[PDB]
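This report refers to the structure that appears directly beneath it.
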Amino acid sequence: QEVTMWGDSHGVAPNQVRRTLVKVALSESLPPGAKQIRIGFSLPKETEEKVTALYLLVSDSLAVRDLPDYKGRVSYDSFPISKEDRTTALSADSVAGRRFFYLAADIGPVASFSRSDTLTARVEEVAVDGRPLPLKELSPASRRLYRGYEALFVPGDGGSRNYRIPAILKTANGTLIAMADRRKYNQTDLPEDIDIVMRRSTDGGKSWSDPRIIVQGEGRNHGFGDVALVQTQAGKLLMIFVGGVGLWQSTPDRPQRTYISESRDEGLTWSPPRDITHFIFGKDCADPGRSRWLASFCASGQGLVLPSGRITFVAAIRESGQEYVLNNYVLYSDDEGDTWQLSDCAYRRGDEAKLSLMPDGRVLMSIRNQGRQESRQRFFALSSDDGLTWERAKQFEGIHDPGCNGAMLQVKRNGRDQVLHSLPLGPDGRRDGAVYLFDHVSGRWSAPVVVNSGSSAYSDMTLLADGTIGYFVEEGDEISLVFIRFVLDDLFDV
Ligand SMILES: O=C(CO)[C@@H](O)[C@H](O)[C@H](O)CO
């Protein structure tokens, strides 16, 4: 009879309730004759000052996230603990054979958000009728306080086993749109059966509407996913996504197709999806130079609408069946989405790529590094004719890319034009989701700041009206899509 212990490392926000600090698992139910179990724990004053109440939670489930995040799919009992106390006890008849125990807290109304605000606790002893059990730590507890923190899509939500692939969008009217792959049966990509789902917020991300499936997968080989979002200059919302067979299964005559859909009511309703594959490649393509290309997909997340009105996304395109590599081209529209063209090639052996507007009006491309090329660094390219043509810009390199989709934001910080870039820190793996600041004038990257430790993958980033960063990340091995709000001073001041 051993006891295994996991401290929580997920972010918190003020006034949240029943946040797990430490969870422990009995390897066996309490034996008959056992009457009581007692849990002694430690918790520093700095954490105690940040909480308003403590709890012992007991459940038949051993869950990854805070138990309220499973919205009742996890049932549990809650016994309060005085925040000044350091032990609690419960009869074996109350535990009722259950094996999983949580030390949880209600977060106070803290108002600091510096890097120092880290909550922690640790279980020191689990005793059954006075007989202390052996406890082994698999994880330490450290939960950082952010101005906002909320899991928008959690495994099991609405009957979908999994979620992946975040996209976020802020509209000129302040509406936030959050979309995701609804991965119904497992976490793998197309050709699995996948839907596109969405939640909206009309109060700057304080609260979100219930998820609505806006594009429905119709079976294996007939799913949809990899959403990217823009707002066009005329005000209509534009989403772009792929559907069908997997990327490497696509062919010119049986392609994984690219679709667009639009919204003229702040993301409440969306037009029926429109196949635009024929503009890009394949059997219906008017350019015979691309008749025999095999596959294309736009990087999920956000595109870019230029000052001219031109709408753009970077497609990553498979041109040859003899290799498993992709080339980047800009997919753009000068007519509010009515028609679409391709730029000249922007990057050889690229992958998911993102655009942002340089302070001089040039366009910067950030290209995912696939296959651990070169020094395993993020790739960059520049365009000075609004996306039509491109050249490598090593001058922007200098951050590691373990091979993952990220996002850029052009921000002004202490009077300096800078670029915020989100990527897993790694190294060489999907761990510790971070952001970096690139100072434009010096051409120097900051040191990374880890927003979310642990398993971390795709991220997308939006700038809120007052300059708070909205950061939408894939958290965990079984991924949750988590919306985090912070200001740049919270992460980069000393
Ligand atoms: O996988 C998970 C789920 O949240 C955790 O184990 C954590 O993200 C990482 O794996 C280690 O901290």
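Ligands are counted one by one from 1 in listed order, and the atoms in each one are counted from 1 as well. What you see below is based on every heavy atom in this structure, not just the backbone, and it leaves out hydrogens, waters and symmetry mates. Counting begins at 1 with the first residue of the sequence.
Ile39 has its side chain out of reach of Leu103: every pair of non-hydrogen atoms, C-beta onward, lies at least 4.5 Å apart. No side-chain heavy atom of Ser480 sits less than 4.5 Å from a side-chain heavy atom of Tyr163.
Aromatic ring centres of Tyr471 and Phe483 lie farther apart than the 6.0 Å criterion allows. If you look at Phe79 and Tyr55, their ring centroids are not closer than 6.0 Å.
In terms of N/O distances under 3.5 Å, ligand 1 is not approached by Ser9.
Counting heavy atoms under 4.0 Å from ligand 1, residue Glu475 does not touch it at all.
With 3.5 Å as the limit, one finds no donor-acceptor pair spanning the side chains of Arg318 and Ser250.
The closest approach between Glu478 and ligand 1 stays at or above 4.0 Å for every heavy atom of the residue. Ligand 1 is never approached by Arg65 to a heavy-atom distance shorter than 4.0 Å.
The cationic atom of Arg164 (NZ for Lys, CZ for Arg) lies less than 6.0 Å from the six-membered ring centre of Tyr458 and within 45° of the ring axis.
Looking at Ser455, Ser139, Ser480, it is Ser455 that brings a heavy atom closest to atom 7 (C) of ligand 1.
With ligand atoms numbered from 1 in the order given, ligand 1 contributes 1 (O), 2 (C), 3 (C), 4 (O), 8 (O) to contacts under 4.0 Å with heavy atoms of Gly476. Taking a cut-off of under 4.0 Å to the non-hydrogen atoms of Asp477, the atoms of ligand 1 that pass are 1 (O), 2 (C), 3 (C). Short contacts between ligand 1 and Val64, defined as distances under 4.0 Å to a heavy atom of the residue, involve ligand atoms 3 (C), 4 (O). Contact atoms of ligand 1 toward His10: 4 (O) (distance under 4.0 Å to a heavy atom of the residue).
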> Could you go step by step and tell me if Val95 and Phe101 meet the side chain to side chain contact (heavy atoms under 4.5 Å, CB included) rule?
Replying inline: CA-CA 9 Å; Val95 174; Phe101 297 76; 3.5 Å; yes
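In this structure, atom 3 (C) of ligand 1 is in close contact with the protein, since a protein heavy atom lies within 4.0 Å of it.
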